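All values below were derived from every heavy atom in this structure, side-chain atoms included, with hydrogens, water molecules and symmetry-related copies excluded. Note that ligands are numbered from 1 as they come in the structure, with each ligand's atoms numbered from 1 the same way. Index from 1, following the sequence.
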Amino acid sequence: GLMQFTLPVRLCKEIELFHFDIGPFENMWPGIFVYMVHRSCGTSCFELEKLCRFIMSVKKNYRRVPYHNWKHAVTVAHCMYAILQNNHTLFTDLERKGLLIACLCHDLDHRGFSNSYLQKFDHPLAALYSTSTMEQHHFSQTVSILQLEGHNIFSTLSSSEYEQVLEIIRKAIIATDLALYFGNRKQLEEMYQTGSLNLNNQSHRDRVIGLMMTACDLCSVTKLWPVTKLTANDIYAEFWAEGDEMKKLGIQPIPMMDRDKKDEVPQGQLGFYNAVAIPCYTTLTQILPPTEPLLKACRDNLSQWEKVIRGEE
Ligand SMILES: O=c1ccn(-c2cccc(OC(F)(F)F)c2)nc1-c1ccnn1-c1ccccc1
Ligand SMILES: [Mg+2]
Ligand SMILES: [Zn+2]
């Protein structure tokens with residue numbers, strides 16, 4: 001109860017900012033997370049011994065892939081933390097609890113492959129879940145770890161609250177399926193502009209949490225340029241590995257994933273910023289004005305990629 005986590009002055013200050021980078025020291029990430037959970041929810045909301053055990057089990061169940069790894073997990077959790085801290089009064093006690101957990105677990109057991117690769121490979125998980133295949137697997141993994149002994153960090157919740165919070169987590173994790181983003185943002189836009197968006201409508205909160213999850217998930221595009229630029233190497237390293245596996249199944253992969261088409265990455269990023277990222281953070285800013293820094297930072301990077309194409313780097 002009286003064991004407050006603290007951080008070095010630079011991290012103490014720089015962690016409250018959206019563009020924070022959690023650094024190269026793996027061993028500090030658990031403490032960074034607990035710090036955020038405390039500041040974002042309360043010193044009280046989780047039992048420290050249970051939390052740490054949960055944190056470490058979740059870490060053990062991320063894999064050593066170039067991008068969809070433990071560092072991504074914590075990065076995504078941090079973006080959410082920022083959003084929650086800049087929208088203090090908008091969210092319930094359970095929402096602040098479940099969402100940070102949802103983000104930590106959102107890519108549990110990821111192997112670096114898209115849902116499509118599993119379909120075409122005919123992976124057994126694809127049999128079990130036709131849509132949002134990895135995301136239903138990520139949620140399922142979260143439930144496993146939650147049921148290990150000494151791991152129920154929600155043990156003080158009533159039966160009801162427990163079910164609510166696990167439903168927050170489930171919907172939140174499903175929403176990281178980007179195929180579902182496009183519709184979700186379309187609807188939030190029309191609801192916002194036609195004035196009908198309404199945060200007492202649970203059906204509407206669900207959608208809004210979905211968009212926050214897309215925002216947090218994509219948040220490497222909202223970092224300072226050198227962090228964004230370097231993360232890109234990792235994202236594309238998984239892509240090209242998948243392309244390879246596609247070619248192995250006798251299927252020319254889309255150029256995004258073809259490592260013989262490395263030269264098209266800059267134009268590919270442009271496309272993605274215009275087609276995906278900029279819309280995401282625009283709409284999110286409209287719904288949640290204080291998240292504007294994500295939009296700004298995203299635009300800055302879009303400009304930086306334009307500069308790559310023009311040979312200015
Ligand atoms: O830099 C990028 C370039 C292309 N894509 C991407 C991913 C999936 C489908 C897609 O094309 C679509 F289907 F949308 F048209 C494009 N994502 C990123 C990116 C940036 C940050 N995260 N992130 C990412 C990575 C992997 C998975 C989900 C997001
Ligand atoms: Mg994912
Ligand atoms: Zn992710």
Side-chain angles (χ1 to χ4, degrees), residues 19 21 58 61-63 65-80 99 102-119 125 129 131-142 169-170 172-186 210-223 225 227-243 246 253-259 261-262 264-281 294 297-298 301-302 304-305 308:
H19 63 255
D21 178 80
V58 172
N61 288 287
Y62 277 88
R63 292 167 164 265
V65 292
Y67 171 69
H68 280 94
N69 54 48
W70 177 232
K71 191 170 185 178
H72 172 63
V74 187
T75 300
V76 164
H78 161 276
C79 187
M80 178 72 66
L99 287 179
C103 290
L104 191 64
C105 301
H106 87 284
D107 279 317
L108 267 169
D109 202 30
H110 205 292
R111 285 159 231 85
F113 299 119
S114 72
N115 273 334
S116 287
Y117 176 66
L118 299 216
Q119 286 149 16
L125 279 173
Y129 320 113
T131 62
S132 306
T133 307
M134 290 299 296
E135 293 73 29
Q136 295 199 63
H137 181 61
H138 302 313
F139 172 66
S140 170
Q141 291 282 288
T142 314
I169 288 164
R170 191 193 57 87
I173 286 175
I174 297 305
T176 58
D177 187 13
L178 203 61
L180 296 172
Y181 151 71
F182 296 104
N184 192 44
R185 193 216 62 95
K186 267 161 206 145
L211 198 61
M212 294 160 53
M213 295 289 302
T214 311
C216 295
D217 202 24
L218 295 188
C219 81
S220 102
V221 304
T222 83
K223 304 290 171 191
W225 168 241
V227 177
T228 294
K229 186 185 164 179
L230 286 157
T231 307
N233 285 353
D234 297 323
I235 294 164
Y236 278 75
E238 301 194 351
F239 288 159
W240 297 328
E242 186 169 315
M246 288 287 202
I254 64 182
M256 201 200 293
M257 289 184 189
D258 193 335
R259 78 165 78 245
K261 302 172 185 183
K262 245 180 264 54
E264 302 173 24
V265 162
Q267 194 61 67
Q269 285 291 287
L270 255 218
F272 182 80
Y273 272 80
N274 295 318
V276 189
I278 291 286
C280 172
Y281 296 109
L294 299 163
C298 185
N301 289 303
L302 173 44
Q304 288 299 278
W305 280 112
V308 187

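- The atom of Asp107 nearest to the Zn ion (ligand 3) is OD2, with the search restricted to N, O or S atoms.
- For NZ of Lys186, the number of neighbouring non-hydrogen atoms (other residues, nucleotides, ligands) closer than 6.0 Å is 12 at most.
- In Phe182, the part holding a heavy atom less than 4.0 Å from any atom of ligand 1 is the side chain.
- Every atom of ligand 1 is numbered from 1 in the order shown, and the set under 4.0 Å from a heavy atom of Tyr67 is 22 (N).
- With hydrogens and angles ignored, the 3.5 Å screen pairs no side-chain donor or acceptor of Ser220 with any backbone N or O of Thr228.
- Taking every heavy atom of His68 and a limit of under 4.0 angstrom, the matching atoms of ligand 1 come to 26 (C).
- When hydrogens are left out, the protein atom nearest atom 1 (O) of ligand 1 is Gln269 NE2, 2.9 Å; that is the closest non-hydrogen contact.
- Protein heavy atoms are found less than 4.0 angstrom from atom 14 (F) of ligand 1.
- Here the heavy atom of the protein found nearest to atom 9 (C) of ligand 1 is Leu178 CD2, 4.2 Å.
- At a heavy-atom distance under 4.0 Å, only side-chain atoms of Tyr236, from C-beta outward, approach ligand 1.
- When heavy-atom distances to ligand 1 are checked against a 4.0 Å cut-off, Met256 comes that close only through its side chain, counted from C-beta outward.
- For atom 7 (C) of ligand 1, the closest heavy atom belonging to the protein is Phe239 CZ, 4.0 Å.
- Checking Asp217 against the Mg ion (ligand 2), every N/O/S atom stays at or beyond the 2.8 Å cut-off.
- Rounding to 10 degrees gives 90° for the angle at the Zn ion (ligand 3) between OD1 of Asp217 and NE2 of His72.
- Under the ring-ring contact (aromatic ring centres under 6.0 Å, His included) test applied with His72, the options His138, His106, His78 reduce to a single match, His106.
- Regarding atom 6 (C) of ligand 1, its nearest protein heavy-atom neighbour is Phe272 CE1, 3.5 Å.
- Under 2.8 Å from the Zn ion (ligand 3) lies no N/O/S atom of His68, from backbone or side chain alike.
- The nearest protein atom to atom 22 (N) of ligand 1, hydrogens excluded, is given as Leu218 CD2, 3.5 Å; this is a heavy-atom distance.
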